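Take a look at this one chain, the form solved without ligand THM, written out in structure tokens.
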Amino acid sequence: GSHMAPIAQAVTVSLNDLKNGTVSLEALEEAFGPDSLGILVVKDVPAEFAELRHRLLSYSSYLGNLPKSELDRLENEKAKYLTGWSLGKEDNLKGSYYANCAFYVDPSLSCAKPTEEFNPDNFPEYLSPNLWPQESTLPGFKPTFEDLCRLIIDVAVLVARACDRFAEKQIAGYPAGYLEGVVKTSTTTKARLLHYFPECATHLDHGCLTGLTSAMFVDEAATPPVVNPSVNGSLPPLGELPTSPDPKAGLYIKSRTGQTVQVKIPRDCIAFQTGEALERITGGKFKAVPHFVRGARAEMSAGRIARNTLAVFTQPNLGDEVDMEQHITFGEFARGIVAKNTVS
């Protein structure tokens, strides 16, 4: 279509090269550096990814369609609704399900552990325990969620390792392996499962690396997102439309030309966007790049089309330094602190 935005190709690397340390650092800088789109697509992902993505994005629909009484049990106002379920608006009504990924570090953790300055009362949005649906209500939800997040974070750790290789060659005084260690040991990383119910300005991501699946569009009239009480076993996946109902749906990124470009994530791949904490850790050698996500227009969506998405926001622990020069930690950074121990 002549009215479409320009399509751009995201830099794409193989998981095999991330695993073996052979990934091109020039490709990495083209993906994440000052002239870049701030996004890297990873192909050759583990064999289980496609089915785990299909299942968890289906669970987003199952979860969003539960009776309101069931969803009310998952709301967590003291956590600023950044744990558990919430209804939000953008006229785009959306259900959000948030969980911290401390279980990545230790399967026994329901959340991070507090520190002298970081107690769960002044950082409840990072440190509150997860609020999981009843196992009988959404059978298999929690293990599917954990397994997919673990897969995506495993890959994020390898992307962070490549970032470290770059930073170690390019930045004097850089701590060896810093980003890898930060991502791999973070108990503040947060996953978000979004459900856009059937019926823009840019931002920067805040953390280190946001792992992304391609969105799932589902006709909920054709495959009702209903937990059949007569059917046993983990919930089967729903249908997924082979193509978006609206060609304009997807990720838009402000490019170096001044064009706002559309970027598509292959359904069988994982993408990673840089955030502000990674930009600061690398002294601006890598950049968080402004972007936004567009859904499908209602008038283009035949039937009862829902959109489900997953993002895994890897970010530092609250006490991890993000500005290595001024010694500003991620928790300070997140409270809008921009200077530290400036003399009085």
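Start at 1 with the first residue shown and count on from there. Only the largest set of C-alpha atoms that superpose within 1.5 Å between the two forms is called the rigid core.
Open item on the list: Quick check on the record: how many residues from the deposited sequence are absent from the model between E90 and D91 (none, 1 to 3, 4 to 9, 10 or more)?
Closed with: The entry leaves 4 to 9 residues without coordinates here.
Task: Unresolved deposited residues lying between neighbours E199 and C200 - done: Unresolved stretch here: 10 or more residues.
- [ ] Would you mind comparing 10 to 18 and 320 to 328 for me and telling me which has the higher average C-alpha temperature factor in the entry?
- [x] Comparing 10 to 18 with 320 to 328, the higher average CA B-factor belongs to 320 to 328.
TODO: Decide which of the stretches 232 to 240 and 245 to 253 has the higher mean C-alpha B-factor, going by the entry.
DONE: Between 232 to 240 and 245 to 253, it is 232 to 240 that shows the higher mean C-alpha B-factor.
Task: Selection by C-alpha B-factor (highest) of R165, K264, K80, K142 - done: In the PDB entry, the greatest C-alpha B-factor among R165, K264, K80, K142 is found at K80.
Task: Highest recorded Cα temperature factor - choice among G33, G303, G275, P290 - done: Highest CA B-factor of the listed options: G303.
- [ ] Classify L148 as lowest, middle or highest third according to the C-alpha B-factor given in the PDB entry, relative to its own chain.
- [x] It belongs to the lowest third of the chain when residues are ordered by C-alpha B-factor.
Open item on the list: Is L40 in the lowest, middle or highest third of its chain when residues are ranked by C-alpha B-factor?
Closed with: Answer is lowest: the recorded C-alpha B-factor places it there.
TODO: Would you mind ranking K113 by its C-alpha B-factor against the rest of the chain and naming the third, lowest, middle or highest?
DONE: Highest third - that is where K113 ends up once the chain's C-alpha B-factors are sorted.
- [ ] Would you mind checking where the Cα B-factor of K285 ranks among the modelled residues of its chain, as the lowest, middle or highest third?
- [x] It belongs to the middle third of the chain when residues are ordered by C-alpha B-factor.
- [ ] Could you look up the Cα B-factor of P124 in the entry and say which third of the chain it sits in: lowest, middle or highest?
- [x] According to the entry, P124 has a C-alpha B-factor in the chain's highest third.
The following text describes the form solved in complex with ligand THM, which does not appear among the structures shown.
TODO: Answer with one of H203, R267, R256, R73: the residue that has a non-hydrogen atom within 4.5 Å of ligand THM in the entry with it bound.
DONE: It is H203.
Open item on the list: Just to confirm, with a 4.5 Å cut-off on non-hydrogen atoms, which of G84, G211, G207, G95 contacts ligand THM in the entry with it bound?
Closed with: Exactly one listed residue reaches within 4.5 Å, namely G207.
Open item on the list: If we define contact as a non-hydrogen atom of the residue within 4.5 angstroms of the partner, is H195 a contact of ligand THM in the entry with it bound?
Closed with: So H195 does not count as contacting ligand THM.
Open item on the list: I'd like to know if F286 sits close to ligand THM in the entry with it bound, meaning any non-hydrogen atom pair within 4.5 angstroms.
Closed with: Looking in the entry with it bound, residue contacts with ligand THM do not include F286, since no heavy atom lies within 4.5 Å.
Open item on the list: I'd like to check something about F313: if you look in the entry with it bound, is any of its heavy atoms closer than or equal to 4.5 Å to a heavy atom of ligand THM?
Closed with: Output for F313 is yes: heavy atoms within 4.5 Å of ligand THM.
Open item on the list: So in the entry with it bound, is ligand THM close enough to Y126 to count as touching (4.5 Å, heavy atoms)?
Closed with: Contact check for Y126: yes, within 4.5 Å of ligand THM in the entry with it bound.
TODO: Work out which of the listed stretches, 313 to 321, 56 to 64, 300 to 308, 36 to 44, brings a heavy atom within 4.5 angstroms of ligand THM in the entry with it bound.
DONE: Only one stretch passes the 4.5 Å heavy-atom test: 313 to 321.
TODO: Select from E117, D121, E135, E75 the only position whose Cα moves 2 Å or more between the shown form and the other one when the core is aligned.
DONE: The residue that shifts is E117.
Open item on the list: Rigid core aligned, does the Cα position of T257 differ by 2 Å or more between the shown form and the other one?
Closed with: Yes; that C-alpha moves by at least 2 Å between the shown form and the other one.
- [ ] Answer yes if the Cα of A27 shifts by 2 angstroms or more between the shown form and the other one on a rigid-core superposition, and no otherwise.
- [x] Comparing the forms between the shown form and the other one, which are aligned on their rigid core, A27 does not shift its C-alpha by 2 Å or more.
Task: Core-aligned C-alpha movement of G303 between the shown form and the other one reaching 2 Å - done: Yes.
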